[PDB]
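Here's the structure we're looking at; comments come further down.
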Amino acid sequence: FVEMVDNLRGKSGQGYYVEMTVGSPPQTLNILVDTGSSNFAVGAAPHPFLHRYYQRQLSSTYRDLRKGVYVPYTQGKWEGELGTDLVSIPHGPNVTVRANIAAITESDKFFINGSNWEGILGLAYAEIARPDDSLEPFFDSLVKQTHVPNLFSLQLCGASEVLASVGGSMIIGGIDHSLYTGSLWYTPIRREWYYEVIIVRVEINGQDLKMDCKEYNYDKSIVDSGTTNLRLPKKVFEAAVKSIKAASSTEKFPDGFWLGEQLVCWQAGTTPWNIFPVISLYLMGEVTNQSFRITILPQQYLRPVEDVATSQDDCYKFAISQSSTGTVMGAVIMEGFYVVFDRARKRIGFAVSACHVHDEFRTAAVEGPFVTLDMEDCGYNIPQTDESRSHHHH
Ligand SMILES: CC(C)Oc1cccc(CN2CC[C@@]3(C[C@@H]2C)CN(C)S(=O)(=O)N3c2cccc(F)c2)c1
Ligand SMILES: [Zn+2]
C-alpha cells in the first residue's frame with residue numbers, strides 16, 4: 001500500500017494528522033487521526049490557531065443537516081453544525097465518500113497553536129459518536145459506500161525554535177508488511193465503543209507490579225492515537241513511577257519531571273538510557289488463558305524536546321501520566337509498534353514497528369504466548385448511570 005506509506009505528519013506532542021479533502025471543489029485540510037473519538041469535525045470559521053478552515057457555503061456538494069452538536073471534554077470543547085459532504089484522502093484509497101461532518105463554529109482549548117491541523121478524524125465506534133450513535137462515523141461510511149476492507153493500521157514514528165517533526169502511516173483497508181518485523185499478535189476488542197482492550201499484567205524491568213489485574217483496566221483501557229502519553233490509573237501510575245524512580249535513582253530529577261511538567265537534560269549523545277527500565281504490558285490473547293506482551297523502552301516514554309536555552313543538550317519530557325479515566329495507550333505506546341485496528345475481526349494487532357526509536361542494547365518487543373491457569377477476569381464493569389440506561393438502541 002505504497003501510496004499510503006508516510007501519509008501522516010505532525011509536531012512532537014501535538015498529534016498525527018492526515019491530509020483530507022472536503023467538498024466540491026475540494027478544500028484541503030489537515031485532520032488529527034484520533035482512535036479515541038468518533039466524530040469527523042473541522043474548523044469552519046476563523047480562529048487564531050488555524051491557517052485555514054472548512055467553508056461549507058463554497059461546496060456545491062454540501063448538505064446542511066439542520067442540527068447542531070455540543071462536544072465537551074475535561075480539557076476542552078467544540079460545538080458546530082452537522083452536515084454531510086464528499087470526503088477523500090489524497091494519500092489514501094482511490095475513493096470518495098459522503099460522510100457526516102461537524103462544522104466547528106466555536107471551541108475552547110481544542111485547537112493547538114502550531115499543530116498544523118484544523119480538524120479531527122474520530123476513528124472509534126458509533127457508540128461514542130456525538131450527539132448519539134445514529135450519527136454514522138467516517139470509517140463506517142467509508143466501508144459501507146466502497147469496497148474498502150473493514151480494517152485500518154497505524155505506524156506512528158517518534159522523533160530549536162519549533163518542535164520536532166514526526167511522521168507516520170495510516171494504511172486504510174489493509175496491512176503493509178514493510179511497516180513491521182516479526183510476529184503480529186492480536187488482543188480482542190472488549191466492546192466496540194472506544195478501542196477497548198484488557199491488560200492482564202504489568203512489568204517494569206521484568207518485575208511484576210503485583211496489583212489485582214482489574215486495577216490495570218480501572219475504569220477501561222483504550223488504544224488512543226489522539227493522546228500523547230501512556231496514561232495510567234492513579235494507583236497504577238504510583239506503583240509504576242515508584243519503580244522507574246528506583247531503577248533510575250543515580251539521577252535525582254525534580255518533582256516537575258515525574259509530573260511531566262519539566263525537561264531533564266544531558267550533554268548531546270550522553271543520555272544514560274540503560275538506567276531507565278523497559279515497561280511491558282501483557283494484553284489478553286485471542287485464546288483463553290493466553291496473553292502476549294508489548295514492551296516499550298525509555299526511548300518511547302522519554303519525549304525529546306530541543307531547548308532554545310540549552311541547544312547543545314538532549315532534553316526529555318517524562319510521558320507517562322496519571323489518569324482518573326483508565327489506561328490510555330497513546331503515542332508513547334503506539335510509537336513502538338505497528339498497530340492493526342482489525343474491526344472486521346473485533347481485534348487489535350501489535351507488531352514491532354520498523355520505525356521505532358531504540359539503541360544497540362534494547363528494542364521495543366511484541367512477544368507471546370504467556371499462559372495463566374484459571375485466569376481471573378481483568379475487565380472492570382463501569383457503574384451504569386440512569387441516563388445511559390434510559391437510552392433506547394433502535
Ligand atoms: C493531539 C493532542 C495533544 O491534543 C488534542 C487536541 C484535541 C483533541 C485531541 C484528541 N482527544 C484527546 C483526549 C481527549 C479527547 C480528545 C478528542 C479525552 N480526554 C479525556 S481529554 O479531555 O484530555 N481530551 C482532550 C484533549 C485536548 C482537548 C480536548 F478538547 C479534549 C487531542
Ligand atoms: Zn424506543
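Determine whether segment 141-163 contains at least one residue that is under 30 Å from residue 268 (Cβ atoms), surrounded by 22 or more Cβ atoms within 10 Å (Cβ to Cβ), of a type in the set (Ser, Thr, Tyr) and more than 15 Å from ligand 1 (Cβ to nearest atom).
no
Which count do you get for residues in segment 106-122 that are over 17 Å from residue 45 (Cβ atoms), more than 8 Å from ligand 1 (Cβ to nearest atom) and surrounded by 21 or more Cβ atoms within 10 Å (Cβ to Cβ)?
1
Which count do you get for residues in segment 218-258 that are under 30 Å from residue 38 (Cα atoms) and away from ligand 1 (no atom under 16 Å from the Cβ)?
So the first thing to find is which residues in segment 218-258 are under 30 Å from residue 38 (Cα atoms), and the list is 218-237.
Next, only the ones that are away from ligand 1 (no atom under 16 Å from the Cβ) stay: 235-236.
Looking only at that region, the number is 2.
If you go through segment 304-316 one residue at a time, do you hit one that is in contact with a helix residue (DSSP H, G or I) (Cβ under 7 Å, 6 or more places away or on another chain) and not hydroxyl-bearing (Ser, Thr, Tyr)? Can you show your working first?
First, pick out the residues of segment 304-316 that are in contact with a helix residue (DSSP H, G or I) (Cβ under 7 Å, 6 or more places away or on another chain): none.
No.
Tell me, yes or no, whether segment 199-216 has at least one residue that is under 30 Å from residue 275 (Cα atoms) and aromatic (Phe, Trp, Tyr).
The first filter runs over segment 199-216 and keeps only residues under 30 Å from residue 275 (Cα atoms), leaving 199-216.
From what's left, aromatic (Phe, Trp, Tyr): 216.
So far as segment 199-216 goes, yes, one or more of its residues are under 30 Å from residue 275 (Cα atoms) and aromatic (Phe, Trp, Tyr).
Would you point out the residue of segment 31-48, among those that are farther than 19 Å from residue 330 by Cα and buried (at least 21 other Cβ atoms within 10 Å of the Cβ), that is farthest from ligand 1 (Cβ to nearest atom)?
Step by step, filter segment 31-48, then rank; the result is 44.
Which strands (runs of 3 or more DSSP E) does segment 304-380 wholly contain that include 3 or more residues that are of a type in the set (D, E, K, R) and in contact with a strand residue (DSSP E or B) (Cβ under 6 Å, 6 or more places away or on another chain)?
313-318
What are the residues in segment 59-77 that are out of contact with any strand residue (DSSP E or B) (no Cβ under 7 Å at 6 or more places or on another chain) and away from ligand 1 (no atom under 13 Å from the Cβ), if any? Steps first, answer last, please.
Filtering segment 59-77 for residues out of contact with any strand residue (DSSP E or B) (no Cβ under 7 Å at 6 or more places or on another chain) gives 60, 66, 72-75.
Once the filter is applied, which keeps residues that are out of contact with any strand residue (DSSP E or B) (no Cβ under 7 Å at 6 or more places or on another chain) and away from ligand 1 (no atom under 13 Å from the Cβ), segment 59-77 yields 60, 66.
Please go through segment 92-105 and give me each residue that is surrounded by fewer than 16 Cβ atoms within 10 Å (Cβ to Cβ) and within 22 Å of residue 169 (Cα to Cα), ordered by number. Explain how you work it out, then say what you get.
Our first condition is that a residue be surrounded by fewer than 16 Cβ atoms within 10 Å (Cβ to Cβ); within segment 92-105, this holds for 94-95, 98, 105.
Answer for segment 92-105, where residues must be surrounded by fewer than 16 Cβ atoms within 10 Å (Cβ to Cβ) and within 22 Å of residue 169 (Cα to Cα): 94, 95.
Check off (1) closer than 16 Å to residue 349 by Cβ; (2) within 16 Å of ligand 1 (Cβ to nearest atom); (3) surrounded by fewer than 19 Cβ atoms within 10 Å (Cβ to Cβ) for residue 167 and give me the number that stays unchecked.
(1)
Going by the conditions given, is residue 80 of a type outside the set (A, V, I, L, M), within 16 Å of ligand 1 (Cβ to nearest atom) and not assigned by CATH to the domain that holds residue 155? Talk me through it step by step, then tell me what you get.
Numbers: of a type outside the set (A, V, I, L, M): yes; within 16 Å of ligand 1 (Cβ to nearest atom): yes; not assigned by CATH to the domain that holds residue 155: yes.
Yes, satisfied.
Show the residue pairs that are 6+ apart or on different chains and have beta-carbon atoms under 8 Å apart, the first residue being within segment 54-68 and assigned by CATH to the domain that holds residue 85, the second being part of a loop (DSSP other than H, G, I, E, B) and of a type in the set (A, V, I, L, M, F, W, C).
Within 8 Å, the pairs are 54/44; 55/44; 56/44.
Could you count how many residues in segment 123-140 are surrounded by fewer than 20 Cβ atoms within 10 Å (Cβ to Cβ) and hydrophobic (A, V, I, L, M, F, W, C)?
Number satisfying all stated conditions: 3.
With respect to residue 122, determine if the residue is in contact with a strand residue (DSSP E or B) (Cβ under 8 Å, 6 or more places away or on another chain) and over 28 Å from residue 173 (Cβ atoms).
Numbers: in contact with a strand residue (DSSP E or B) (Cβ under 8 Å, 6 or more places away or on another chain): yes; over 28 Å from residue 173 (Cβ atoms): no.
So residue 122 does not fit the description; no.
Please go through segment 160-189 and give me each residue that is touching a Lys or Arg at 6+ places or on another chain (Cβ under 8 Å) and not hydroxyl-bearing (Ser, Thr, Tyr), ordered by number. Write out each step before concluding.
Here is the first cut: in segment 160-189, the residues touching a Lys or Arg at 6+ places or on another chain (Cβ under 8 Å) are 162-168, 186-189.
Matches in segment 160-189: 162, 163, 164, 166, 167, 168, 188, 189.
Restricting attention to segment 49-82, report how many residues are closer than 14 Å to residue 24 by Cα and surrounded by 15 or more Cβ atoms within 10 Å (Cβ to Cβ). Walk me through it before giving the result.
First, pick out the residues of segment 49-82 that are closer than 14 Å to residue 24 by Cα: 54-63.
From what's left, surrounded by 15 or more Cβ atoms within 10 Å (Cβ to Cβ): 54, 56, 59, 61-62.
Number satisfying all stated conditions: 5.
I'd like the full set of residues that are polar (S, T, N, Q) and in contact with a strand residue (DSSP E or B) (Cβ under 8 Å, 6 or more places away or on another chain), limited to segment 125-149. Walk me through it before giving the result.
So in segment 125-149, the residues polar (S, T, N, Q) come out as 134, 141, 145-146.
Across segment 125-149, the qualifying residues are 141, 145, 146.
Within segment 13-22, work out how many residues are more than 12 Å from ligand 1 (Cβ to nearest atom) and surrounded by fewer than 20 Cβ atoms within 10 Å (Cβ to Cβ).
Step one: filter segment 13-22 for residues more than 12 Å from ligand 1 (Cβ to nearest atom), giving 18-22.
Checking the rest, the ones that are also surrounded by fewer than 20 Cβ atoms within 10 Å (Cβ to Cβ) come to 19, 21.
Selection size over segment 13-22: 2.
All of this is worked out from the model, or read from it or from the source named; no laboratory instrument gave them. A quick note on method: Cβ atoms are made from the backbone with ideal geometry, for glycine too, and the neighbour counts reach across all protein chains shown.
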